[PDB]
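All remarks here apply to the structure that follows.
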Amino acid sequence: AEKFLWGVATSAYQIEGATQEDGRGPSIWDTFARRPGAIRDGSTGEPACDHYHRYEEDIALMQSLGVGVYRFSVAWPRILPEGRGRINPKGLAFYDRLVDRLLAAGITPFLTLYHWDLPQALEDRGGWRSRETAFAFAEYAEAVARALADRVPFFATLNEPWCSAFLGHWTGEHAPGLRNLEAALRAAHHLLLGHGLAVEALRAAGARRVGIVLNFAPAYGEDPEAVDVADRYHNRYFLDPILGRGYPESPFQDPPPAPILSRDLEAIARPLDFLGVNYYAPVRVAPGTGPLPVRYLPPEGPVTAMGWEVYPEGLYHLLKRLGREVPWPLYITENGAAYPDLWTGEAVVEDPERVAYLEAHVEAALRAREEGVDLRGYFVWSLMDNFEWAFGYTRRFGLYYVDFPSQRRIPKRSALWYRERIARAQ
């Protein structure tokens with residue numbers, strides 16, 4: 001567990017731009033962002049951060065940040081426009097070049113294969129409701145691994161399958177946007193299938209470190225039974241099948257559409273090299289009606305602009321819990337906070353509240369480590385402000401303020417804070 005890794009994270013669709021440049025195919029998100037009511041401000045992933053053209057600039061920001069690792073994702077629709085079959089060489093060229101620049105800068109690449117941008121072509125064939133998509137995902141993982149595994153030591157299959165499944169197929173607030181509990185459950189399973197199938201493809205192509213990124217949220221409440229349902233739904237629904245102890249008692253009171261074969265669970269439980277931990281805030285629940293017998297209550301203490309309870313204590317208890325349950329090293333692959341940033345020309349955007357949030361979660365994270373949790377890294381969510389999905393550009397999480405109209409990047413106080421934190425932590 002040599003040299004703790006300090007890094008920042010982003011995702012292709014949230015920062016790239018060049019939505020229709022160099023042959024990139026449309027993703028379910030490009031489709032979703034054309035539907036009124038989908039995005040808060042009615043915007044889309046274009047031009048976003050225009051990272052597609054300014055990547056060298058951004059790599060230079062990371063260099064002056066002191067960061068040792070950069071977590072990013074590859075846009076599947078950039079590698080295979082129709083999600084399957086033909087390959088767009090410009091896609092692989094872009095990422096190939098991106099990796100070269102990172103190594104030339106002393107920064108380690110931490111690749112996320114699937115960060116929600118499923119090719120629309122695949123959605124039309126059922127998307128994550130069809131296992132054919134699972135096979136497609138393993139072929140994509142393979143194509144990418146054979147091209148970059150020689151320089152990229154870290155590979156993560158999925159990023160937050162919970163969101164892609166329920167947020168995208170049940171509540172419908174995410175792409176593709178369905179609202180069918182059945183579709184959601186089918187999607188959660190076919191997603192896990194893809195995880196297992198890709199881990200093998202990756203393994204076969206020389207990927208040195210393979211893992212997955214899941215988000216968690218400690219659940220609170222007055223009824224321990226409502227709380228437990230919540231716990232299984234937010235924290236154990238995907239972790240368990242991945243650790244090889246199958247699915248926990250379903251948080252739902254609705255039977256799945258079809259049986260899961262024993263064969264599957266062992267194929268889904270492929271040994272990993274690390275677990276990616278994403279943490280932002282906890283959840284507060286009470287018993288309720290519906291397929292998920294629980295209802296969320298307003299946050300109790302201080303909140304961010306997202307209205308998410310800020311609770312560093314949660315990250316600490318989360319890391320200690322996983323330390324005994326998970327048999328692989330952990331990396332906090334995402335931790336950040338959205339606050340109303342104001343910029344009117346200043347050289348530095350004052351980030352008092354975001355700085356307080358990051359320092360607190362870092363303090364809690366290191367405490368848990370000091371107590372024996374094999375934590376080997378901390379990644380602040382996003383290097384720069386970006387397309388915050390359903391919230392559009394109305395919610396900023398970056399260490400660098402981005403004046404989208406001009407694409408100019410401006411350091412926030414949190415950026416100066418992070419550079420100092422890294423330097424001394426060494």
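Residue numbers start at 1 and run along the sequence shown. Just the heavy atoms: all of them, side chains too, but no hydrogens, waters or symmetry mates, feed the values below.
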Taking 4.0 angstrom as the limit, do [X] and [Y] come out as a salt bridge?
| X | Y | result |
| --- | --- | --- |
| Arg78 | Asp22 | no |
| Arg24 | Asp117 | no |
| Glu325 | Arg236 | no |
| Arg71 | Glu334 | yes |
| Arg54 | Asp50 | yes |

Side-chain touch [X]/[Y], heavy atoms, less than 4.5 angstrom:
| X | Y | result |
| --- | --- | --- |
| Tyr70 | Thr10 | yes |
| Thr108 | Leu102 | no |
| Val380 | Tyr418 | yes |
| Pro257 | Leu185 | yes |
| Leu202 | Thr157 | yes |

Name all pairs fulfilling the side-chain hydrogen bond (donor to acceptor under 3.5 Å, both in side chains) condition that reach into residues 164-173, sequence neighbours left out, sorted by first residue then second.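 Output for this query lists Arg129-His169, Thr171-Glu173.
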
How would you list all residue pairs meeting side-chain hydrogen bond (donor to acceptor under 3.5 Å, both in side chains) that involve residues 197-217, not counting sequence neighbours?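 Qualifying pairs, neighbours excluded: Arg203-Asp273.
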
Parallel, tilted or perpendicular: which one describes the rings of [X] and [Y], with boundaries at 30° and 60°?
| X | Y | result |
| --- | --- | --- |
| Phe274 | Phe154 | perpendicular |
| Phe110 | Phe379 | perpendicular |
| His115 | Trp389 | parallel |

Just wondering, more than 12 heavy atoms not from [X] lying within 6.0 Å of its [atom1]?
| X | atom1 | answer |
| --- | --- | --- |
| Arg125 | CZ | no |
| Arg101 | CZ | yes |
| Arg419 | CZ | no |

Applying the salt bridge (charged side-chain N to carboxylate O under 4.0 Å, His left out) criterion to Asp385, which one of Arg409, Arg395, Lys412 satisfies it?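 It is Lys412; the other options fail the test.
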
Any side-chain donor-acceptor pair under 3.5 Å between [X] and [Y]?
| X | Y | answer |
| --- | --- | --- |
| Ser414 | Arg354 | no |
| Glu21 | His53 | yes |
| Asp264 | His189 | yes |

Rounded at 0.5 Å granularity, tell me how far CD in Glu388 sits from CZ in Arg396.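 With rounding to 0.5 Å, CD (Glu388) is 11.5 Å from CZ (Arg396).
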
ring-ring contact (aromatic ring centres under 6.0 Å, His included) partner of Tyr237, the single match among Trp162, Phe166, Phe216: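 It is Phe166, the one option of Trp162, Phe166, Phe216 that forms the ring-ring contact (aromatic ring centres under 6.0 Å, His included) with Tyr237.
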
Is the distance between the ring centroids of [Y] and [X] under 6.0 Å?
| X | Y | value |
| --- | --- | --- |
| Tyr357 | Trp308 | no |
| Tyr13 | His174 | no |
| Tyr55 | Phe94 | yes |
| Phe397 | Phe391 | no |
| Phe252 | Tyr233 | yes |

Who are the ring pair (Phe, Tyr, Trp, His ring centres under 6.0 Å) partners of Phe32, not counting sequence neighbours?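 Partners of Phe32 under the ring pair (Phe, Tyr, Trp, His ring centres under 6.0 Å) test: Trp29.
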
